[PDB]
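>>> No sequence on hand, only this structure:
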RNA sequence: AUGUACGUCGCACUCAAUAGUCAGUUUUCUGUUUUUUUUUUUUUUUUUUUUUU
């Protein structure tokens, strides 16, 4: 979460980095944990920073792809759109310009 | 050639003052100046548990 020390985990569940961790003082932007435990609040014990590019190719069966703003572009002669990928609803990529025409063949042929 | 004609008159300014109508229960708030600044960015906080060629 932006400028807030709670961590929007998978689904709507929220937890935090354990105070005994070495990186408890610096919570990174993308951190993963080994054990989830229920206590006075939810926490993650063994925390570590990852790059958000790593998760997507290993989660091909888990990504929910989303396509918005279908607009045709002259620069490539095809339909462009901003793509959004989600694992359990988690925005791995908030926005990415993608070629909408290369994805589906039906409607863009008439376009 | 002679004789032959003359006389009186009027005008102006004005103009005040008048009818009748008695009375209205007791008490009350409303009221003044003064310091003026209305607002100054924030943080990471805890632990049932236990076994594997």
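Nice, thanks for sending it over. Numbers count the residues shown, from 1 in each chain, chains lettered A, B, ... in the order given.

>>> Name the next helix or strand downstream of the longest helix along chain A, please.
The residue-count maximum for a helix in chain A (DSSP state H) belongs to helix A:52-58. Remark: after helix A:52-58, the chain's next helix or strand is strand A:63-73, criterion DSSP states H and E.

>>> how far is that following strand from where the chain is centred?
16 Å (C-alpha atoms, centre = their mean, to the nearest Å).

>>> So what are the sheet partners of that strand and their directions?
strand A:78-87 (antiparallel) (DSSP bridges).

>>> Buried residues, the strand it pairs with. List them.
Neighbour-count burial for strand A:78-87 flags A:79-85 (criterion: 16 or more other C-beta atoms under 10 Å). Every residue, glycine included, has its C-beta placed from N, CA and C.

>>> residues in chain A within reach of RNA strand B, list them.
Residues of chain A lying close to RNA strand B by C-beta under 7 Å from any atom of the strand are A:3, A:5, A:16-20, A:24-27, A:37, A:39-40, A:43.

>>> neighbours of residue A:15, just the number please.
20 (other C-beta atoms under 10 Å).

>>> so what's the closest residue in space to it that isn't next to it in sequence up against?
The shortest distance from residue A:15 to any non-neighbouring residue, by C-beta to C-beta, 6 or more residues apart in numbering, is to residue A:42 (3.7 Å). Counting by C-beta atoms under 8 Å, 6 or more residues apart in numbering, residue A:42 touches A:9, A:13-16, A:36.

>>> One more pass at 10 Å, please.
Contact partners of residue A:42, counting by C-beta atoms under 10 Å, 6 or more residues apart in numbering, are A:6-7, A:9, A:13-16, A:36.

>>> ok, now residue A:64?
A:84-90, A:92.

>>> what about stretch A:22-31, how long is it end to end?
Counting by C-alpha to C-alpha, to the nearest Å, you get 13 Å between the two ends of stretch A:22-31.
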